[PDB]
Amino acid sequence: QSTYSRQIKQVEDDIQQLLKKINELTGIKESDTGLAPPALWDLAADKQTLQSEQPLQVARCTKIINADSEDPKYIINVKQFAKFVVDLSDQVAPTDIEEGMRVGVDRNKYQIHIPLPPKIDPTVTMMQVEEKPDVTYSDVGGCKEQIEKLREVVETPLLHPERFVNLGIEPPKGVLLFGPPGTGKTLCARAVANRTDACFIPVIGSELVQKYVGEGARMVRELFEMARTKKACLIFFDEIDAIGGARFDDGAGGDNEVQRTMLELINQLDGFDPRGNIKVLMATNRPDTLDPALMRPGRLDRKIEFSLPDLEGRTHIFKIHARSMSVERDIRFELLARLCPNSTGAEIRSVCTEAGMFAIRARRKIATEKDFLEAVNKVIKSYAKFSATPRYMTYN
Amino acid sequence: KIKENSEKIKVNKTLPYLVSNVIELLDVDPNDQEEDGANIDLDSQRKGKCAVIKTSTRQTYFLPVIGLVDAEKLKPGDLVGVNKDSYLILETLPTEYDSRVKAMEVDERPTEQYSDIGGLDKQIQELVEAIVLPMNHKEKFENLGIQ
Amino acid sequence: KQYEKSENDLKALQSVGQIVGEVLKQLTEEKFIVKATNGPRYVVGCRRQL
């Protein structure tokens, strides 16, 4: 026991001294080797080392014009923006490299070994992405009227296109979710996403805006296309007043950088092509910034307003939230909600959160009446004045 | 014999090779430019068909152009290859668009058929007349005499 | 024609490809200082023939 205790202190020095031997064998620092997958890969790996496949320099192929001296040549423009005419390394056919497609070329010997995967140039957009999140279903208010309306458009073609063709109905496209902050445009979208069980990419537009004008635009088209190719994709575009703002200039400023990207999104949704069956959802912070192209049916078939959750909604959010929580059940959860003024969805929940905290604070296996009264009287006075909604709603 | 003389050039001729563009096309004699006087009254300018080349690394290289595809074909805007290991013209390539432009080219859209796209009858006539007819039904337009 | 390529190309390989320059300033007409369009400035000679 006493012997065992001594080792706790010791192990830290012991790992530090040993550290050059650990580094070589397991990984990180001096001589990075994992030993488990690069070992297995080693025989294949030898082929690449021998060749000039290292380097294999980032590029995209402009045109595959072949010409004389060395016959299989391709005209490539690198991502840093200068063109090279290159050769084919025998390991693929001239068929594999195709005009407009992303391709790898060497820097020491300019020639294609293996073509580089096309359109995955944004890393910034990927940063935000978590596939299938949600706080928990209980905070939503569960099934609201708001959730059910959203499923008819959203869930149903992804889950079954079969039923769509059978009846003979065109498949939907766009749902525009709007309301001031905290009416839960994102919360409901996450809930339907999980249910349908389509792969889920949500992204903030604020990372599809980067560097100067036109670089952000390249990111939006390539991302969108990639999703479109993919069968049963759901894209929830989170908070766009960052690729979704007003269209003007006054020639003392200009909205341009924002409008280049916004317009690039709008164009792509249905396309100049019929439509796909892959769904787009847009969440906007203003209904006051939208231009008519976005609004046309077949890029936006029905407008759903998630603004200030409905008369039914205010009570469901408290009771379904209350259900989950250890709380008193001699108080009417609806009475607390009803008290709440012109409540944004975020605000109804704010009562539950504040109410529960007092209950946790005591460390009881329920809650008491007192915790609820202080919470609710506080919420009605202060919070409501200080919500998003008074300022935004008049504007909108 | 051609391969043998070419042999010193041939090592540089292979990979890597850059691409470049033609600042000027210089059409002169096939081999040996004029001779200058002074001490030794003989050549210093031996330039055959030649091109003054600006590379796209923002460097400028002078080189006598290959007798297989001469300077004369070459003009400003044309792509031409040039070898990195020693700046000779690897090849001649024709002028071509960016990758973005390749996306821009045809994709084609399918028919909604005139009858089948509901109403707006007066408008079917306006678009058909303006757009598709001058291209396809071109002879009637030539007969009208309009541009 | 191919034999022709080899000979005209031969002239360049002596230099290891010729480089464009322009007289940055005339100091004498025998030794000039030249600025290179590929980049750095040089002090260069001239031919006894030119």
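Residues numbered from 1 in each chain as written, not as in the entry; some residues may be left out. Chains lettered and ligands numbered in written order. Part of a larger assembly, values for the part shown. Heavy atoms only, no water.

As recorded in the entry header, the structure was determined using cryo-EM to a resolution of 12.3 Å.

Moving on, we come to the overall build of chain C. When helices and strands are tallied, chain C shows one helix and four strands. Going from N to C terminus, chain C has its helices and strands arranged as α-β-β-β-β. Taken against the 2.2 N^0.38 rule, which gives 10 Å for 50 residues, the C-alpha radius of gyration of chain C at 14 Å runs more than 25% over that of a compact globule. Across its three principal axes, chain C shows a C-alpha extent of roughly 40 × 25 × 15 Å. Every one of the 50 residues in chain C was classed for burial, and the buried ones make up 28%. Restricting to contacts in chain C with at least 6 residues of sequence separation, those with at least 24 account for 0%. A total of about 3,500 Å² of accessible surface is found on chain C, and carbon and sulfur atoms cover 50% of it. (Helix = DSSP H or I, 4+ residues; strand = E, 2+ residues; numbered from the N terminus. Rg over C-alpha atoms; globule rule 2.2 N^0.38 Å. Buried < 20%, exposed > 50% of the residue type's maximum accessible area, 1.4 Å probe, protein only. Contact = heavy atoms within 4.5 Å. Areas by Shrake-Rupley, 256 points an atom, 1.4 Å probe, with all protein chains shown as cover.)

Next up on the list: a nonpolar patch on the surface. On the surface, B:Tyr114, B:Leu127, B:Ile131 and B:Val132 cluster together to form a nonpolar patch covering roughly 390 Å² of accessible area. Within the secondary structure, B:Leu127 sits in helix α4 (residues 121-136). (Patch = residues over 30% accessible without salt bridge, like charges linked within 9 Å, V, L, I, M, F, W, Y side chains within 5 Å. Salt bridge = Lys/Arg side-chain N within 4 Å of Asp/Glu carboxyl O.)

Okay, the layout of surface pockets next. What the largest pocket holds in volume is close to 1,300 Å³. For the largest pocket, the lining is made up of 32 residues, of which A:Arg221, A:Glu225, B:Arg100, B:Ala103 and B:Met104 are closest to its centre. Secondary-structure elements contributing two or more residues to the lining of the largest pocket are β1 (58-63), α8 (215-229) and α9 (256-268) of chain A together with α3 (99-104) of chain B. Across the lining of the largest pocket, the residue classes tally to seven nonpolar, five polar and 20 charged. (1 Å grid on protein atoms, 1.4 Å probe; cavity = no way out; pocket = protein on both sides within 12 Å on 5 of 7 lines; lining within 4 Å. Points joined across faces, edges and corners; volume = space filled by probe spheres on them. Nonpolar A, V, L, I, M, F, W, Y, C, P; charged D, E, K, R; others polar.)

Now for the sheet that holds strand β4 (residues 42-44) of chain C. Residue and element names in this part refer to chain C. Strand order in the open sheet formed by three strands is β2-β3-β4, and the pairing between neighbours is antiparallel. Of all the strands in the sheet, just β2 (21-25) and β4 have a single pairing partner and so form its edges. Looking at each pair of strands side by side, their axes are set apart by 50° on average, direction ignored. Sheet topology places β2 next to strand β3 (residues 32-36); four bridges connect them, and they run antiparallel. From the neighbouring strand, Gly 21 faces β3, where its bridge partner is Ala 36. (Pairing = 2+ DSSP bridges. Axes fitted to C-alpha atoms, helices over the stretch in contact; angles between N-to-C directions.)

In this section: the interface of chain A and chain B. Frequently, the measure chosen for interface size is the accessible area that the parts lose on association. Listed as interface residues are 27 residues of chain A and, on the opposing side, 25 residues of chain B. Taken together, both faces of the contact between chain A and chain B bury some 2,200 Å²; the carbon and sulfur share is 60%. When the buried area of chain A at its contact with chain B is split by residue, A:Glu70, A:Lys83 and A:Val85 rank highest and sum to 24% of it. For the pair chain A and chain B, the number of links is two salt bridges. We note a salt bridge from A:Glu70 to B:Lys10, for which the minimum N-O separation is 3.8 Å. The interface formed by chain A and chain B contains four residue pairs in polar contact. At the level of secondary structure, the elements contributing two or more residues to the side of chain A that touches chain B comprise β1, β2 (73-78) and β3 (83-88) of chain A. Here the side of chain A that touches chain B is built from residues that sort into twelve nonpolar, five polar and ten charged. (Buried area = accessible area lost by both parts, 1.4 Å probe. Polar contact = N/O pair within 3.5 Å; in protein donor to acceptor, adjacent residues only side chain to side chain.)

Moving on, we get to the interface of chain C and chain B. The partner chain B presents 36 residues to the 23 residues of chain C that form the contact. Applying the counting criterion to the chain C and chain B interface returns one salt bridge. The partner of C:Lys11 in a salt bridge is B:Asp32, and the shortest N-O contact between them spans 3.8 Å. Our enumeration of links across chain C and chain B arrives at six residue pairs in polar contact. For the side of chain C that touches chain B, the element with the most residues is helix α1 (residues 2-13) of chain C, which contributes eleven residues. Looking at side-chain class alone, the side of chain C that touches chain B contains eight nonpolar, eight polar and seven charged residues.

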